[PDB]
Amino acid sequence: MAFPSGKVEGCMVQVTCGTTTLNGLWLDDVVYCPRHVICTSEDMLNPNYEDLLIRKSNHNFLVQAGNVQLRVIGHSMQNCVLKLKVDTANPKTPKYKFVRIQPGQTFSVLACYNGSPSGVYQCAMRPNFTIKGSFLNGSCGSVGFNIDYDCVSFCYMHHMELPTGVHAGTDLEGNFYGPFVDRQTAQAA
C-alpha cells in the first residue's frame, strides 16, 4: 500500500532555469531540486557544475507554487541537489526529516510533472540501488517518502533513468544511491 500523499502534495513546486523545468520540494523557506536544472541540453553531456553555478544569479531561477511565483533570494549546491532560498516560508510544511534508506526497504513515490502531483505508488530499493519506478520526461525532483505517525521521512529525490528502464536518484542531502553520476553518459545497473 502507498502512504496517503496529502502532506507531500503541499510541498511540491515547479523550478525553471532557462528552458529546463523540473520539480522541487519546498520546506520552510528552502526549495530542494536536482542540480541538473542549471544545465542546457548540451551541458548535460559533460557538466562542469561548479562553473555553471557561478554563471547563474538568483533571478535566473523561476520557482512557482501553482500560479504564485516565489522570489529566489539565495542559492547553493549540496552534492547533487540545489538549494534555493526563497522569501516565503511554506505554510503547509509538515513535520519532516531526511533519512537515507537501505536496499530492501520500501517507500512511497509521489510522481509529479510541472510541479503538479500526478500519482502515488510504492517502490522498493533493489540491491544495486535502483528502483523500478514509473517516471517520464519532467519527473525529476519527484520525491520518495514514508510516514511515521505525523512525521514525513523524505528518502529519495528522482534524477535519472537507466538503459534497462530502472531509475536512480539521491537522498535529500544530494548523495546518490549507488555508483551513479548526474551526467548523460554511459551508465548501467
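In this text, residue numbers run from 1 along the sequence as written.
K.L.:
With respect to the recorded C-alpha B factors, which stretch has the higher mean value, 153-161 or 122-130?
P.N.:
It is 122-130.
K.L.:
Quick one: higher average CA temperature factor, 78-86 or 100-108?
P.N.:
Comparing averages over the C-alpha atoms only gives 100-108.
K.L.:
Per the coordinate record, which of the options 142, 40, 146, 64 holds the highest CA temperature factor?
P.N.:
Highest C-alpha B-factor among the listed residues goes to 40.
K.L.:
Based on the PDB record, which member of 10, 174, 179, 24 exhibits the highest Cα temperature factor?
P.N.:
If I rank 10, 174, 179, 24 by C-alpha B-factor, first place goes to 179.
K.L.:
Per the entry's values, where does residue 36 land by CA temperature factor relative to the rest of its chain, in the lowest, middle or highest third?
P.N.:
Its C-alpha B-factor, which the entry lists for residue 36, ranks in the lowest third among residues of this chain.
K.L.:
If you rank every modelled residue in this chain by C-alpha B factor, which third holds residue 30: lowest, middle or highest?
P.N.:
According to the entry, residue 30 has a C-alpha B-factor in the chain's lowest third.
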